[PDB]
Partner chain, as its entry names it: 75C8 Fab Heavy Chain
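Single chain ahead, by itself, as structure tokens, in the form solved without the partner chain.
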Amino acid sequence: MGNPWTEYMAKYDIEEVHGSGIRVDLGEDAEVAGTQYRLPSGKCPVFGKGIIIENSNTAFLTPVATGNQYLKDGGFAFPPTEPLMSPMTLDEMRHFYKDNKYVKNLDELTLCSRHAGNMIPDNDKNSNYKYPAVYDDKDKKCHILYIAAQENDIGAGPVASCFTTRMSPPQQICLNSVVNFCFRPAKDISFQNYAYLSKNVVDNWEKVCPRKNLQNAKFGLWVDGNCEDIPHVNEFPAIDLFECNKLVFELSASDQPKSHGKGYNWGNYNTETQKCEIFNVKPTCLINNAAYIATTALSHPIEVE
């Protein structure tokens, strides 16, 4: 008795390896100056996730609107600071943290998450509040998100104008201007190179988190020596894998006002019938079926292993 798949399938136990929402990650609370704020806390990167702002062509990685000029407009990212903390290229990150012996042998995504986590909302220097970030794998650039909300208590953090570094010797960094609208998370083709990163992304995410989809494989449940099919699935039409991953993402665990990672996080994509079969039970084995690709809401929407 027992399940021979246990070790290989640990990557797909979303409740354990990720532990928070996927579509909307607001799995923790942090105090800043006596006030509690929700913020993202998932331990895995979410590949291909971005935010779409309604009634706008403004990209969500545009810095948040500052000042009070007519037509002021912006996105979710940190505005300019002195010195400039965001966006920061991978090379800039490696050089500015060159004196921190612990950043060596951090991978690109982890380094971005830790850079974002360096800034403390200045009102509470003992605060556990850490901003999320988006890493652009194309331009190799890290964007700190000033607004942690993802759909619209909704994750809008403190209205901080000044920040202190967790890294010593401490530096204080303030915004160069004052900070001053419906939106939703999504996997868009234009987001395919992005990774959405909470403060909790683990150093070894490459080994414990799902990234690529599994070809010629179908998620199943281990039942007395056989890999049975998932008992209850929701079937949708999907012209290709990207559309199926987009759908799984839309239905996945969401903390929008805590999921703790529970939701419709997995999909079996039938490349022959062009059907996406989405379910909300953790899979415990894989079925050898040439027509299928197995995907999760966390996974890159296109890449296969």
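Numbering follows the first chain given and starts at 1. We call the rigid core whatever largest set of C-alpha positions still superposes within 1.5 Å between the two forms.
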Legend entry - Extent of unmodelled deposited sequence, residue 166 relative to residue 165: none
Legend entry - Deposited-sequence gap flanked by residue 237 and residue 238: none
Inset, instruction - Name the higher of the two by mean Cα B-factor in the PDB entry, 77-85 versus 196-204. - result: 77-85
Legend entry - Comparing 48-56 with 32-40, the one whose average Cα B-factor in the PDB entry is higher: 32-40
Inset, instruction - Select one of 186, 134, 179, 227: the residue whose C-alpha shows the highest B-factor in the crystal structure entry. - result: 179
Legend entry - Identity of residue with top Cα B-factor, from 271, 62, 268, 252: 271
Legend entry - Cα B factor band for residue 220 (lowest, middle or highest third within the chain): lowest
Legend entry - Relative C-alpha B-factor of residue 98, binned into the chain's lowest, middle or highest third: highest
Legend entry - Chain thirds of CA B-factor: placement of residue 143: lowest
Inset, instruction - Within this chain's modelled residues, let me know which third the CA B factor of residue 119 belongs to: lowest, middle or highest. - result: lowest
Legend entry - Within-chain third of residue 149 by Cα B-factor, per the entry: lowest
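FYI, the form deposited with the partner chain bound isn't displayed, but the following is about it.
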Inset, instruction - Can you work out whether the partner chain is within 4.5 angstroms of a heavy atom in all three of 57, 189 and 239 in the bound PDB entry? - result: yes
Inset, instruction - Could you confirm whether residue 52 comes within 4.5 Å of the partner chain in the bound PDB entry, counting heavy atoms only? - result: yes
Legend entry - 4.5 angstroms heavy atom contact with the partner chain in the bound PDB entry for residue 43: no
Legend entry - 4.5 Å heavy atom contact, residue 246 to the partner chain in the bound PDB entry: yes
Legend entry - Residue among 122, 92, 137, 229 whose Cα moves 2 Å or more between the shown form and the other one, once the rigid core is superposed: 122
